[PDB]
2 protein chains.
Amino acid sequence: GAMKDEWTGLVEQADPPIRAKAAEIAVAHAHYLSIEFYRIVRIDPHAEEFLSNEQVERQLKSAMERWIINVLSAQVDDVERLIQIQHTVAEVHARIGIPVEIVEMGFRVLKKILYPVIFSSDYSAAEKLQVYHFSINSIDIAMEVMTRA
Amino acid sequence: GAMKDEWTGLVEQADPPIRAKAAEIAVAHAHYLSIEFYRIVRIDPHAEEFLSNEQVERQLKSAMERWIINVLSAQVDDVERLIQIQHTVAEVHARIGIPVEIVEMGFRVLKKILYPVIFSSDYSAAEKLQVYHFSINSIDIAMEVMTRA
Ligand code: HEM
Ligand code: HEM
């Protein structure tokens, strides 16, 4: 697909030190990010409806942590598997009955809380920019795959 | 609204010199951005349908320039007016019959081509990071307002 070629290209184009630091950010903070994501998303009245028990909370947080690491640590050979995952998540969101714009709001929250983590790192400003750029484009590409399903 | 408070907060949190350079990038390069946006979007078969004549092309490019400048140059007192703008655009997209994932794809294209423009500026790496961050968050918050229709 066209999305596969873009995602693959994005990963292939990124230099090893940048992909390495993107993976570092993900692994180091995915747990924190998943917790903050849930807290902020819960505030939204239209989103709070879908989060009504500790089992859902536990499952979503673990799933979000896994998602963040998988996307940001993506290798070229992971792309095809990553694409199928987005389809799977879309199916689940569809069955639960979660509106696309509610999911999009989730992506915005994620991209929002990801930045201070990269900003507070000890990387150079040039490194922070490229890591954040790689991260944003990766998340947006994943969002498009998920929503176009 | 909660959306107004979020957009307001985003502008309030970004230091004046950073928002200033974001506005500078927008005005100086809105023309390039609108043209390249149109070219890339046209490649998508599902989006090419909505762009079938020179009158629409011409008006859309002009509309995009204004949109980019308005969003990236957002002041606190502009937030309320900007929200109404996104609603208006949403109405137009709805009447024409443009799918949400097609619009979302447009936003991804815009964010994608914005980065090399910021990267190519003569600002410091630290400035580029903060300008790019403000820009991404601004475009994303605007997209959510639009998609929430
Ligand atoms: C307001 C936004 C969102 C809400 C309310 C929401 C809600 C949910 C819920 C309730 C589940 C099932 C939990 C369970 O199994 O008990 C789920 C599944 C999942 N979500 Fe979302 N979601 C949102 C957005 C997102 C975003 C932005 C991502 C990734 C960037 C994401 C990734 C996933 C994953 C990986 C799963 C599990 C997939 C599976 O079980 O096969 N979600 N979501
Ligand atoms: C694939 C993506 C998109 C397609 C195919 C598309 C298509 C169109 C078309 C055909 C029009 C009619 C313009 C006219 O006839 O005068 C329009 C209006 C407009 N679009 Fe979109 N659009 C897309 C995404 C976007 C995005 C991402 C933005 C902003 C970030 C945007 C902003 C606007 C604005 C400001 C107008 C005119 C508003 C008005 O007339 O009041 N569009 N769009």
Side-chain angles (χ1 to χ4, degrees), chain A residues 1-3 5-7 9-10 13-14 40-41 43-48 86 90 99-121 123-149, chain B residues 1-3 5-7 9-10 13-14 18 40-41 43-47 86 90 99-121 123-149:
Chain A
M3 289 304 299
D5 300 335
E6 172 143 43
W7 205 338
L10 177 65
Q13 287 291 0
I40 296 176
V41 160
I43 305 301
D44 191 272
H46 297 282
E48 190 201 7
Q86 313 312 317
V100 187
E101 73 276 358
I102 293 299
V103 178
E104 288 189 2
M105 181 270 297
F107 279 96
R108 188 180 70 78
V109 172
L110 177 59
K111 288 177 289 186
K112 176 182 174 178
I113 58 175
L114 176 60
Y115 177 80
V117 163
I118 297 180
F119 188 85
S120 66
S121 66
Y123 308 145
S124 74
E127 289 172 342
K128 292 177 179 176
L129 175 63
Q130 293 188 93
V131 167
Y132 177 63
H133 170 246
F134 175 81
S135 297
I136 292 300
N137 280 15
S138 293
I139 293 179
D140 277 347
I141 282 175
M143 173 168 70
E144 181 170 332
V145 174
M146 186 184 301
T147 53
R148 293 185 84 174
Chain B
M3 208 56 165
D5 300 335
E6 172 81 359
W7 205 335
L10 176 64
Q13 288 290 359
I18 297 308
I40 296 176
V41 159
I43 304 301
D44 192 311
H46 297 282
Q86 313 312 318
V100 188
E101 72 276 358
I102 293 299
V103 178
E104 180 192 293
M105 181 270 297
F107 279 96
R108 189 179 71 79
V109 171
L110 178 60
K111 288 177 289 186
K112 177 182 174 178
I113 61 175
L114 176 60
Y115 176 80
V117 166
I118 296 181
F119 189 86
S120 300
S121 66
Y123 303 141
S124 75
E127 289 172 342
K128 291 176 178 176
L129 174 64
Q130 293 187 291
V131 167
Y132 177 64
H133 170 246
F134 176 80
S135 298
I136 291 300
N137 280 14
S138 294
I139 293 179
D140 277 347
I141 190 73
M143 173 169 70
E144 181 172 331
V145 176
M146 187 184 301
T147 54
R148 288 180 81 177

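We name chains A, B, ... by the order of the sequence lines, and we start the count at 1 in each one. Because only heavy atoms are used, hydrogens play no part in the values below, and waters and symmetry mates are left out as well, while side chains stay in.
Counting heavy-atom pairs closer than 4.5 Å to chain B, the top-ranked of the candidates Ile118(A), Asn137(A), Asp44(A), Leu129(A) is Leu129(A). Contact tally against chain A (heavy-atom pairs below 4.5 Å) for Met143(B), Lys111(B), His46(B), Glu144(B): the top residue is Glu144(B).
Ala126(B) and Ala125(A) make their closest contact through N-CB, 3.6 Å (heavy atoms, listed as atom of the first residue, atom of the second, distance).
In this structure, chain B has a heavy atom under 4.5 Å from the side chain of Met3(A), while its backbone stays farther away. Within the 4.5 angstrom heavy-atom criterion, only side-chain atoms of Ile102(B), from C-beta onward, approach chain A. For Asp140(B), the parts lying near chain A are the backbone and the side chain together; criterion is any non-hydrogen pair under 4.5 Å. If you measure heavy-atom distances from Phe107(B) to chain A, you find no contacts under 4.5 Å at all. Heavy-atom distances place no part of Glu127(B) under 4.5 Å from chain A, backbone and side chain included.
The line from CD1 of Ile136(A) to OG of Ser135(B) is 11.5 Å long, rounded to the nearest 0.5 Å. Rounded to the nearest 0.5 angstrom, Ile141(B) CD1 and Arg108(A) CZ are separated by 3.5 Å. Atoms CE and OG1, from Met105(A) and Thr147(B) in turn, are 10.0 Å apart once rounded to the nearest 0.5 Å.
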Quiz item: Does the side-chain contact (heavy atoms from CB on, under 4.5 Å) test come out yes or no for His133(A) and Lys128(B), once each step is laid out?
Solution: CA-CA 11 Å; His133(A) 170 246; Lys128(B) 291 176 178 176; over 6 Å; no

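Note on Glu101(A) versus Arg148(B): no salt bridge recorded, every NZ/NE/NH1/NH2 to OD/OE distance being 4.0 Å or above.
Counting only heavy atoms from C-beta outward, the side chains of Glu104(A) and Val100(B) approach each other to under 4.5 Å.
Ring geometry for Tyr132(A) versus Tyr132(B): interplanar angle over 60°, hence perpendicular rather than tilted (30 to 60°).
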